[PDB]
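Below is one structure, written out as structure tokens, with a few remarks after it.
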Amino acid sequence: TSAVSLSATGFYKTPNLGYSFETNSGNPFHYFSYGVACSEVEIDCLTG
Amino acid sequence: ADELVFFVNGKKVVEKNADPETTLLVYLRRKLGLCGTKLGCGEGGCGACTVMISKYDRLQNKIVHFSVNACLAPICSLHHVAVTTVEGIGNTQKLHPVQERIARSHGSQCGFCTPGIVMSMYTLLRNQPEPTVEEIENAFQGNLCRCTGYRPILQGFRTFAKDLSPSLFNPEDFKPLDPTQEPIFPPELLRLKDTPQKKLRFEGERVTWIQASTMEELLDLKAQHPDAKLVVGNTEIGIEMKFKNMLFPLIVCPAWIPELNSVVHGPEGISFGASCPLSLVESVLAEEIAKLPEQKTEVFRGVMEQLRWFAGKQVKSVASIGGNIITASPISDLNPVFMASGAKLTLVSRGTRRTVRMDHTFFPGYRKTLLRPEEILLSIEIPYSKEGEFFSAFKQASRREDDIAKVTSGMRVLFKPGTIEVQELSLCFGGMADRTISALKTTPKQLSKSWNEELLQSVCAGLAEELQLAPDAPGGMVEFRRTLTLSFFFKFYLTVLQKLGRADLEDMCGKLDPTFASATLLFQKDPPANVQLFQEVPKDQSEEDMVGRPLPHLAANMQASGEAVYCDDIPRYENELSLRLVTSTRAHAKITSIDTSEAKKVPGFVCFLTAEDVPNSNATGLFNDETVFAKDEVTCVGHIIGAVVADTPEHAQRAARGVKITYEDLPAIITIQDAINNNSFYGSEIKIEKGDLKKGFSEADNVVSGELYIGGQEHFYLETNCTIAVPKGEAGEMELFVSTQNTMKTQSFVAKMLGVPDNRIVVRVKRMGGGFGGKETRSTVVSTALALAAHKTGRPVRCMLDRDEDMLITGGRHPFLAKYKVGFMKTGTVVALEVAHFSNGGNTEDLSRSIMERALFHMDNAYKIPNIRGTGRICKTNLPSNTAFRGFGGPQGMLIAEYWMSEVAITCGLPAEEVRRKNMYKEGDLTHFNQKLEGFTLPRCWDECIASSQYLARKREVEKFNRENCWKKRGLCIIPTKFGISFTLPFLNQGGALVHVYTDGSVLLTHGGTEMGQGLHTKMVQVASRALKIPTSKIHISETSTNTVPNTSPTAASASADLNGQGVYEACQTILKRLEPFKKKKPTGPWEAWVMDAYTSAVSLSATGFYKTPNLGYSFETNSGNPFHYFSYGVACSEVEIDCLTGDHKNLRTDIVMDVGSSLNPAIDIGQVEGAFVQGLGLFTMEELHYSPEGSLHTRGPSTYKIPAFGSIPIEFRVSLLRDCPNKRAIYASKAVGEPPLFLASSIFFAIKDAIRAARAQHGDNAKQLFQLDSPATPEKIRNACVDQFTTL
Amino acid sequence: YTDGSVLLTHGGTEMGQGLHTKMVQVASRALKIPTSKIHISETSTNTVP
Amino acid sequence: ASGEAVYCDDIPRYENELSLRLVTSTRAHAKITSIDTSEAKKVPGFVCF
Ligand SMILES: Cc1cc2nc3c(=O)[nH]c(=O)nc-3n(C[C@H](O)[C@H](O)[C@H](O)COP(=O)(O)OP(=O)(O)OC[C@H]3O[C@@H](n4cnc5c(N)ncnc54)[C@H](O)[C@@H]3O)c2cc1C
Ligand SMILES: O=c1[nH]c(=O)c2[nH]c(=O)[nH]c2[nH]1
Ligand code: FES
Ligand code: FES
Ligand SMILES: [Ca+2]
């Protein structure tokens, strides 16, 4: 009722990225994910 | 099991189970998917459904083409014919010349009437490739357009005929017509023309249709089954079936029978088979009249005179003469003529044949004839006139009731040869009784009398007595109708005088006084002359900057082609249901019970929805005082009680008829007077007051007091209200496609009814076929009901209202009652004014209060009044709720001002234009509400109009015409206007937009405004193209949606281009800012490179835009603050000529000068001036709504509610937009245009008033000087004010 | 909207990963209102290009 | 879990809606020497290839 807009756009771009294959420089990634898994199996040597 | 076989746009249709109730319009739209042909009324009056038919005519041996109303053509009547629709002539990839010309000439605004007009013009050209201007105009008698003011349509099409300012269009650029490229007549049909016609039978759900090939077959059928209903053109039967609930289970169509279609010239006259269409009657009698002695064709000319203002080409091409005769309507225009001339009817049944002579016994009772149930009408011989035998025919114009109370007459005299003495005299009338009658007691008494003043006087006394009407007779207008019988005989009397003159009996009968001659003239057209003037843009302006250029409406080509999509053109989902509203038949009552037992038996019935089914809240409407569905009590005729849902529209309608509802009446408050007496009002008195009233009236040389009533108005948007609601099945989500100016309120009201948040509900509007205020709020009454059905069923549901329903339910402009007192000097200067206003608001508040405020804000019109008091009360009544209508209270307020102003001038004995001018504000003055008038261009508009209309010189001609004519009079008036721009509710002055640029460079824009024919999207694209500096071609607007721009105000208050234009401009400035760094690097490289560079640099190419009108907000308590951002100004000068004997009148010339600031688009803005002016013209002169004494609307369609027609517009029609007047506070210095010109049509009202004043000085005797003329000034009111020997006794 | 409800959309599409769920959680923290007041209906080229 | 969620094919058909079926290569690498559509044209409701 005060005539203020209640609609908005939003935007984002990941900064500082850019790798060069020619000079082997520049960051391709913003950050890295990391994890580790331990697994155990039992095989049947006669069937696969 | 007979197949029905016909062609549509060249393609063969084979219908194996044709239902006789199926119309061609329904079949085209719903079976074939061809939605260019529209429904606008369903009763033959609007022509929106016009299509062309071609066939091989076996009787004339050749291919013929004619137009028809698709809404009334049973498909069962169409075996072996070829239909052509708008889609069959061209499309946007190759427009037919007819489509091209109407588009390019700015003849299409909302676009809904465009296809039907295109088809009427197209059919004309297939028959006459080189028509005349006259033929072109006659082509459209059956086509209505509510937006354009008709001028541009006729002007564009005039290019097919007569065989400083830039221009609005260029005819030299129009492609030429090549007739060889029209569609081939289907060769299959030429093959079949050879084989004999067989009787067919078609069986539908309820109706059996036999297409009789032979007289034998028809007679056998009627002998054995006398109940079999003849249908020939269906132009009466269709109405009875569709709107009067009637059902004839067995129908026989005899249209193919050679004997019913023959024309035979015999010694006494010409015989027409009874099934001959009126169009064949017309072309034969025309040619007889052209080639024969005048003395023989007197009757033929009377028939032709009646066929002139009868219906359109569409109706006449299939309406039979026998059908008019046998329908026996009390207001048949033809039967009075056939009766007066003793036309010879042959009747037959199996083994019988007899001839009679139409006389009073032919019609023994209401809609009855002499025919036995087994007989049919074979032929009517229309007779040659004899030496000494003379004939006139007459017809009231104006029509108010379905069936009754329009006068129409046939009159005949035979003189003993060589004498002036009467051998035979016959005077027959419709609209005076429940059937066509003969003045049988009056005529005998004049036998052997001489044609003289004694006979005139004798016949008038007889007529008055013999045809006398009770004060309460059916149809009212009893004083007018009486006067017409007498006035029509007078004309006949004078005309026979003349005709005896021409037979050299002048010395026995006398000369006619030459001031009486104009009384007897047959209506003569006069060729149209138009001028449109506007301003060229600067010479330096880029060619790609379209702001200020006359760019055609961006959808005009698709509208001409039938490709533009309106709501009901959207294809149905396979699971879609249809809804039909059930409304109250009482003005105020308790609902005692509802029985749906008959409704449940209709096949496809799904449910009846009522208030109990509403999920959340039944309280709706702008001020929360309305029911979605009535609960316990109805409060108008039209109050929506519930809604039937069924698989198809036909089943919904039949099922709604089986909802039987039971009432106990309650005290009803109907009229403004009823409300005043009962203290029934919406809220308190509203008031504006300035200066000292007691002093002003004390200082005034004169004081005049009076009242004025102003009738209401139906919007008659060509597209009625329509909603499709589509439930999505998740989270309460629903999408609605609606013909509405108000997406926001539609969304909110739906969400509150359902009890879900607003974020679940999306409302979409591509375009409306007109709105005009009618769809600002009252569209939600359909929307909420449909949304509920969709929610309940989980299925898509659709409702488009029939015209009768829409006219009943949705209300109109507010009627006004004013009580005024004005005080003024001898010089004409007004010093004091007090006006009490009352409006009839109907049964909901809606916008009624804001409407009253606008009327009060305009009670000054253009005039500075130092001491002033206005009040208004808004009456609360048991009628449909009235709402916004273009003007929004302004026109009512300003008509009241001009009305007391007219009386100030007459009381001072001074020229009205001088009096207006000297009371006009000047630059810097304050209004009565204390707003200052800056940039006041009204005097410039006034002076330009006075000069270019040659007002003073025309005044002198009008005076002279009036001194030289006793029975016609002219009048001339010039009227100004001032119109405040912005919503009366300040926070509604806001708008938003959203813009995207895609990586190809193309731009998708949207904004809060909706397109309803005013060219808003076009304007926004013009604006965006200038703002962005790219061509309009790269910018597109597809639709309006609550999920792209939220919280939008309705498209109203003429404000939408101002508000959305600023929103658009700001959205565009945001995008330009972000592209700036790329522009700098690449200042030449094209737009597409900047866009792609920004994209690949990860810069956002999407933006919102928003505007609020600043510094607004008026206070009623302190009478300060600005309610308006700026004001519109304009002046119109109009001239009229009235028929003092009939009440009819011609609009001879109108000249308008309008301040639209620096127009965004002068083509669209001129079109809005003309459109608005013509709606005003209807408001003040033609449009009259009529109600039973118990509050039931009788006037529900174009047969009874008469909007301006092609033939209504001023014959010379000039419009200029004021030059050099930038308004820099609105978008690119424009002004809004939609509403301000409407009130300028009051110029025609006041010109009629001048003409009446002159008629009164001519024949009045003691006439009251300040006589009464309420609005609308219809033929009734004009005729009754022309007091004379005929009105007095 | 004027009832306080929020309609949100973004470029991302839901394919089972709970993107919309995460976006509403994000919006509700950002706006400091409950997730119940925020809805995402769909992804469309005419709302985010 | 309720089957209320709408995926593309769950959307109701329009009454006038048509169906498409792709026609693909049965060869890894080849010239197309001709296409014969005569048998396809005889299937009821066939519109176009
Ligand atoms: C938009 C519009 C405007 C109109 N304007 C006017 C006007 O200005 N003035 C005026 O007088 N009329 C007017 N009419 C009425 C019109 O002239 C009649 O509707 C028309 O002539 C009826 O003919 P039809 O062939 O359509 O009859 P249908 O509707 O097919 O038949 C109407 C009646 O005639 C009967 N019938 C037809 N032929 C025969 C026969 N040979 N023997 C026995 N019974 C028969 C039918 O059983 C039926 O009862 C208007 C109608 C429309 C739709
Ligand atoms: O001030 C106005 N408010 C409205 O809501 C409206 N609607 C309309 O048609 N004209 C106007 N004027
Ligand atoms: S819809 Fe057919 S004449 Fe109006
Ligand atoms: S353009 Fe003719 S009705 Fe709208
Ligand atoms: Ca109201």
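FYI, nothing fancy with the structure tokens labels: chains A, B, ... in order, residues from 1 per chain, ligands from 1 as they appear.
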Margin query: Around ligand 3, out to 7 Å and counting only C-alpha atoms and all ligand atoms, which residues are there? I want them as a list in words.
Written below: residues 38, 39, 40, 41, 42, 43, 44, 45, 46, 47, 48, 49, 50, 69, 70, 71 and 72 of chain B
Please produce a file of the residues just selected, as an mmCIF file, in the first residue's frame, where the atoms kept are N, CA, C and O atoms.
```cif
data_model
loop_
_atom_site.group_PDB
_atom_site.id
_atom_site.type_symbol
_atom_site.label_atom_id
_atom_site.label_comp_id
_atom_site.auth_asym_id
_atom_site.auth_seq_id
_atom_site.Cartn_x
_atom_site.Cartn_y
_atom_site.Cartn_z
ATOM 1 N N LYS B 38 -16.297 -16.511 -34.190
ATOM 2 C CA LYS B 38 -16.567 -16.271 -32.791
ATOM 3 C C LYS B 38 -18.080 -16.273 -32.439
ATOM 4 O O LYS B 38 -18.934 -15.965 -33.290
ATOM 5 N N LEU B 39 -18.363 -16.547 -31.171
ATOM 6 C CA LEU B 39 -19.641 -16.275 -30.536
ATOM 7 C C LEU B 39 -19.613 -14.954 -29.824
ATOM 8 O O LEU B 39 -18.861 -14.768 -28.903
ATOM 9 N N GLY B 40 -20.476 -14.040 -30.238
ATOM 10 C CA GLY B 40 -20.673 -12.764 -29.567
ATOM 11 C C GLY B 40 -22.102 -12.519 -29.076
ATOM 12 O O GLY B 40 -22.276 -11.634 -28.262
ATOM 13 N N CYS B 41 -23.094 -13.275 -29.567
ATOM 14 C CA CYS B 41 -24.499 -13.060 -29.115
ATOM 15 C C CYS B 41 -25.439 -14.221 -29.294
ATOM 16 O O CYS B 41 -26.388 -14.297 -28.561
ATOM 17 N N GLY B 42 -25.251 -15.051 -30.305
ATOM 18 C CA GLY B 42 -26.101 -16.226 -30.499
ATOM 19 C C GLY B 42 -27.494 -15.913 -31.055
ATOM 20 O O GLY B 42 -28.313 -16.796 -31.175
ATOM 21 N N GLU B 43 -27.737 -14.689 -31.485
ATOM 22 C CA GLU B 43 -29.056 -14.326 -31.993
ATOM 23 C C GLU B 43 -29.068 -13.477 -33.258
ATOM 24 O O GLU B 43 -30.056 -12.824 -33.511
ATOM 25 N N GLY B 44 -27.968 -13.482 -34.021
ATOM 26 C CA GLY B 44 -27.928 -12.867 -35.308
ATOM 27 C C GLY B 44 -27.666 -11.383 -35.356
ATOM 28 O O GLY B 44 -27.580 -10.812 -36.462
ATOM 29 N N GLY B 45 -27.511 -10.735 -34.205
ATOM 30 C CA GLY B 45 -27.328 -9.289 -34.237
ATOM 31 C C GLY B 45 -25.885 -8.791 -34.350
ATOM 32 O O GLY B 45 -25.689 -7.665 -34.744
ATOM 33 N N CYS B 46 -24.871 -9.539 -33.902
ATOM 34 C CA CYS B 46 -23.508 -8.960 -33.814
ATOM 35 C C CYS B 46 -22.632 -9.279 -35.019
ATOM 36 O O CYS B 46 -21.696 -8.560 -35.255
ATOM 37 N N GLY B 47 -22.919 -10.371 -35.729
ATOM 38 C CA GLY B 47 -22.117 -10.816 -36.874
ATOM 39 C C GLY B 47 -20.719 -11.361 -36.621
ATOM 40 O O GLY B 47 -19.995 -11.662 -37.556
ATOM 41 N N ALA B 48 -20.365 -11.572 -35.373
ATOM 42 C CA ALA B 48 -19.035 -12.126 -35.062
ATOM 43 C C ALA B 48 -18.821 -13.546 -35.586
ATOM 44 O O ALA B 48 -17.715 -13.946 -35.874
ATOM 45 N N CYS B 49 -19.919 -14.275 -35.771
ATOM 46 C CA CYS B 49 -19.936 -15.616 -36.312
ATOM 47 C C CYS B 49 -20.137 -15.696 -37.831
ATOM 48 O O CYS B 49 -20.465 -16.764 -38.374
ATOM 49 N N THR B 50 -19.971 -14.589 -38.538
ATOM 50 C CA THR B 50 -20.281 -14.579 -40.004
ATOM 51 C C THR B 50 -19.327 -15.401 -40.752
ATOM 52 O O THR B 50 -18.058 -15.258 -40.609
ATOM 53 N N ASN B 69 -25.055 -16.133 -40.608
ATOM 54 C CA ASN B 69 -24.666 -16.263 -39.195
ATOM 55 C C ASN B 69 -24.445 -17.725 -38.848
ATOM 56 O O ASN B 69 -25.386 -18.546 -38.846
ATOM 57 N N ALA B 70 -23.178 -18.087 -38.588
ATOM 58 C CA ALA B 70 -22.919 -19.491 -38.165
ATOM 59 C C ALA B 70 -23.648 -19.894 -36.876
ATOM 60 O O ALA B 70 -23.932 -21.092 -36.680
ATOM 61 N N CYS B 71 -23.905 -18.922 -35.990
ATOM 62 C CA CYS B 71 -24.550 -19.212 -34.740
ATOM 63 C C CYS B 71 -26.008 -19.683 -34.939
ATOM 64 O O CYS B 71 -26.474 -20.372 -34.051
ATOM 65 N N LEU B 72 -26.639 -19.378 -36.075
ATOM 66 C CA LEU B 72 -28.021 -19.758 -36.337
ATOM 67 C C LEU B 72 -28.192 -20.758 -37.437
ATOM 68 O O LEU B 72 -29.331 -21.175 -37.671
#
```
**Message:** Give me, as a ChimeraX atom specification, the set of residues whose atoms come within 6 Å of any atom of ligand 4, counting only C-alpha atoms and all ligand atoms.
**Reply:** /B:108-113,145-148,718,769-770
Once you have the residues from the selection above, write them out as a PDB file, in the first residue's frame, restricted to N, CA and C atoms.
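As written to disk, out28.pdb reads:
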```
ATOM      1  N   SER B 108      -8.844  -2.886 -36.503  1.00  0.00           N
ATOM      2  CA  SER B 108      -8.948  -3.953 -35.510  1.00  0.00           C
ATOM      3  C   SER B 108      -8.276  -3.512 -34.217  1.00  0.00           C
ATOM      4  N   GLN B 109      -9.065  -3.404 -33.150  1.00  0.00           N
ATOM      5  CA  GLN B 109      -8.516  -3.068 -31.847  1.00  0.00           C
ATOM      6  C   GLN B 109      -8.541  -4.337 -30.988  1.00  0.00           C
ATOM      7  N   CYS B 110      -9.671  -4.656 -30.335  1.00  0.00           N
ATOM      8  CA  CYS B 110      -9.659  -5.876 -29.507  1.00  0.00           C
ATOM      9  C   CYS B 110      -9.571  -7.095 -30.422  1.00  0.00           C
ATOM     10  N   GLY B 111     -10.091  -6.956 -31.624  1.00  0.00           N
ATOM     11  CA  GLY B 111      -9.962  -7.983 -32.675  1.00  0.00           C
ATOM     12  C   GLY B 111     -11.126  -8.996 -32.734  1.00  0.00           C
ATOM     13  N   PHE B 112     -12.034  -8.947 -31.777  1.00  0.00           N
ATOM     14  CA  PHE B 112     -13.053 -10.025 -31.678  1.00  0.00           C
ATOM     15  C   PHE B 112     -14.125  -9.987 -32.786  1.00  0.00           C
ATOM     16  N   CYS B 113     -14.466  -8.796 -33.299  1.00  0.00           N
ATOM     17  CA  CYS B 113     -15.397  -8.632 -34.359  1.00  0.00           C
ATOM     18  C   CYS B 113     -14.690  -8.763 -35.720  1.00  0.00           C
ATOM     19  N   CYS B 145     -19.178  -3.545 -33.785  1.00  0.00           N
ATOM     20  CA  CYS B 145     -17.824  -3.380 -33.243  1.00  0.00           C
ATOM     21  C   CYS B 145     -17.963  -2.356 -32.149  1.00  0.00           C
ATOM     22  N   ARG B 146     -17.460  -2.761 -30.985  1.00  0.00           N
ATOM     23  CA  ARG B 146     -17.573  -1.907 -29.778  1.00  0.00           C
ATOM     24  C   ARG B 146     -16.350  -1.021 -29.568  1.00  0.00           C
ATOM     25  N   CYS B 147     -15.236  -1.327 -30.214  1.00  0.00           N
ATOM     26  CA  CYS B 147     -14.035  -0.550 -29.989  1.00  0.00           C
ATOM     27  C   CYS B 147     -13.679   0.583 -30.935  1.00  0.00           C
ATOM     28  N   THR B 148     -13.947   0.410 -32.234  1.00  0.00           N
ATOM     29  CA  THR B 148     -13.231   1.185 -33.215  1.00  0.00           C
ATOM     30  C   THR B 148     -13.899   2.533 -33.533  1.00  0.00           C
ATOM     31  N   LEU B 718     -17.361  -7.485 -27.006  1.00  0.00           N
ATOM     32  CA  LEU B 718     -17.796  -8.470 -27.966  1.00  0.00           C
ATOM     33  C   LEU B 718     -17.520  -9.899 -27.458  1.00  0.00           C
ATOM     34  N   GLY B 769     -11.306  -9.693 -25.666  1.00  0.00           N
ATOM     35  CA  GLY B 769     -12.120  -9.051 -26.741  1.00  0.00           C
ATOM     36  C   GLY B 769     -12.965  -7.941 -26.109  1.00  0.00           C
ATOM     37  N   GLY B 770     -12.268  -6.930 -25.576  1.00  0.00           N
ATOM     38  CA  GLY B 770     -12.898  -5.838 -24.872  1.00  0.00           C
ATOM     39  C   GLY B 770     -13.102  -6.063 -23.339  1.00  0.00           C
TER      40      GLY B 770
END
```
- Task: For chain A, list the residues within 10 Å of chain C, counting only C-alpha atoms, and write the list as a ChimeraX atom specification.
- Result: /A:1,6-11
Would you write out those residues with N, CA and C atoms, as a compact mmCIF listing (two decimals), in the first residue's frame?
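Listing of out.txt after writing:
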```txt
# COMPACT_ATOMS: atom_id res chain seq x y z
N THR A 1 0.82 -1.22 0.00
CA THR A 1 0.00 0.00 0.00
C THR A 1 0.87 1.29 0.00
N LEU A 6 7.48 -5.71 -4.62
CA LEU A 6 7.66 -6.98 -3.92
C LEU A 6 8.06 -8.10 -4.89
N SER A 7 8.77 -7.75 -5.98
CA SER A 7 9.40 -8.72 -6.87
C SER A 7 10.85 -8.42 -7.10
N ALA A 8 11.70 -9.42 -7.13
CA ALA A 8 13.13 -9.15 -7.32
C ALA A 8 13.79 -10.29 -8.04
N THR A 9 14.78 -9.99 -8.87
CA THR A 9 15.65 -10.99 -9.40
C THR A 9 16.86 -11.13 -8.47
N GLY A 10 17.57 -12.25 -8.63
CA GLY A 10 18.82 -12.53 -7.92
C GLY A 10 19.72 -13.24 -8.89
N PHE A 11 21.01 -13.06 -8.72
CA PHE A 11 21.95 -13.67 -9.60
C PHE A 11 23.27 -13.93 -8.88
```
With a distance cut-off of 10 Å and only C-alpha atoms, select the neighbouring residues of residue 1217 in chain B, excluding the residue or stretch itself and same-chain residues fewer than 6 positions from it, and output the selection as a count of residues only. 19
### Test item: residues lying within 6 Å of ligand 5 with only C-alpha atoms and all ligand atoms, as a list in words
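Here is the list of contacting residues: residues 841, 842, 844, 845, 846, 847, 848, 881, 882 and 883 of chain B.
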Ligand 1: which residues are within 6 Å, counting only C-alpha atoms and all ligand atoms, as a ChimeraX atom specification?
/B:43-45,229-237,274-275,310-311,319-324,326-327,332-334,376-378
Return as a count of residues only the residues belonging to chain C that are within 12 Å of chain D, counting only C-alpha atoms. 5
Practice prompt. With a cut-off of 12 Å and counting only C-alpha atoms, select all residues of chain B in contact with chain C and give the selection as a PyMOL selection string.
Written response: chain B and resi 728-735+744-745+747-749+751-752+755-762+993-1006+1036-1048+1095+1099-1104
Just write the chosen residues, C-alpha atoms, as a compact mmCIF listing (two decimals), in the first residue's frame.
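Result saved to out.txt:
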```txt
# COMPACT_ATOMS: atom_id res chain seq x y z
CA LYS B 728 -2.51 -29.25 -11.12
CA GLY B 729 -3.12 -31.92 -8.43
CA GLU B 730 -0.11 -30.84 -6.21
CA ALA B 731 -0.14 -28.53 -3.33
CA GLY B 732 -3.39 -26.81 -4.21
CA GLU B 733 -1.79 -25.42 -7.43
CA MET B 734 -4.12 -24.14 -10.09
CA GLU B 735 -3.69 -22.04 -13.26
CA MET B 744 -4.43 -9.77 -8.99
CA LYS B 745 -7.97 -9.73 -7.68
CA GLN B 747 -5.88 -14.62 -7.96
CA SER B 748 -6.70 -13.33 -4.46
CA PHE B 749 -10.36 -14.15 -4.68
CA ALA B 751 -7.06 -18.30 -3.25
CA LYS B 752 -9.35 -17.04 -0.42
CA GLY B 755 -8.26 -21.44 1.43
CA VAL B 756 -4.80 -21.71 -0.20
CA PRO B 757 -2.06 -19.18 -0.31
CA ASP B 758 -1.78 -16.76 -3.27
CA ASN B 759 1.53 -18.46 -4.31
CA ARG B 760 -0.40 -21.51 -5.49
CA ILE B 761 -2.70 -19.69 -7.91
CA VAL B 762 -1.52 -18.32 -11.32
CA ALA B 993 7.58 -5.24 -15.48
CA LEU B 994 9.94 -8.03 -16.17
CA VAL B 995 12.39 -8.28 -18.97
CA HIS B 996 14.71 -11.00 -20.30
CA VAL B 997 17.29 -10.92 -22.99
CA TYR B 998 18.09 -14.27 -24.42
CA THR B 999 21.50 -15.13 -25.80
CA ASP B 1000 20.26 -14.65 -29.41
CA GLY B 1001 19.60 -11.02 -28.58
CA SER B 1002 15.79 -11.37 -28.59
CA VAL B 1003 13.91 -9.77 -25.72
CA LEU B 1004 10.84 -11.23 -23.91
CA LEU B 1005 9.00 -8.54 -21.97
CA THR B 1006 5.97 -8.55 -19.77
CA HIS B 1036 8.00 -9.65 -27.90
CA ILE B 1037 5.23 -9.69 -25.33
CA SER B 1038 3.31 -13.00 -25.09
CA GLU B 1039 1.07 -12.55 -22.09
CA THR B 1040 0.25 -11.11 -18.73
CA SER B 1041 0.72 -13.42 -15.68
CA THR B 1042 0.64 -13.14 -11.84
CA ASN B 1043 3.76 -15.34 -11.76
CA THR B 1044 5.87 -12.97 -13.84
CA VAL B 1045 4.68 -9.62 -12.36
CA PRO B 1046 2.86 -9.79 -8.99
CA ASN B 1047 0.51 -7.48 -7.18
CA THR B 1048 -0.59 -5.60 -10.22
CA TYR B 1095 26.36 -13.81 -21.11
CA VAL B 1099 26.25 -10.92 -16.23
CA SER B 1100 22.53 -11.21 -15.58
CA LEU B 1101 20.29 -10.47 -18.52
CA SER B 1102 17.04 -10.38 -16.59
CA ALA B 1103 15.52 -7.48 -14.69
CA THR B 1104 12.48 -6.22 -12.98
```
Counting only C-alpha atoms, chain B residues within 10 Å of chain D, as a ChimeraX atom specification:
/B:31-33,570-576,728-731,795-796
**Prompt:** Within 6 Å of ligand 2, counting only C-alpha atoms and all ligand atoms, which protein or nucleic acid residues do you find, written as a ChimeraX atom specification?
**Reply:** /B:773,884-888,982-984,1052-1053
Checklist entry - Could you write out, as a count of residues only, all the residues of range 710-878 of chain B that DSSP marks as strand (DSSP E or B)? => result 52
* To do: Considering only C-alpha atoms, return as a VMD selection string whatever protein or nucleic-acid residues lie within 9 Å of residue 896 in chain B, sequence-local ones (same chain, fewer than 2 positions apart) excluded.
  => chain B and resid 707 to 710 818 820 835 859 891 to 894 898 to 901
| request: Can you check which residues of chain C DSSP gives as helix (DSSP H, G or I) on the backbone and send them as a PyMOL selection string? | output: chain C and resi 19-31+35-37
Env of residue 13 in chain C: 8 Å cut, atoms = only C-alpha atoms, seq-sep filter 3 positions within chain, self excluded. Answer as a count of residues only. 4
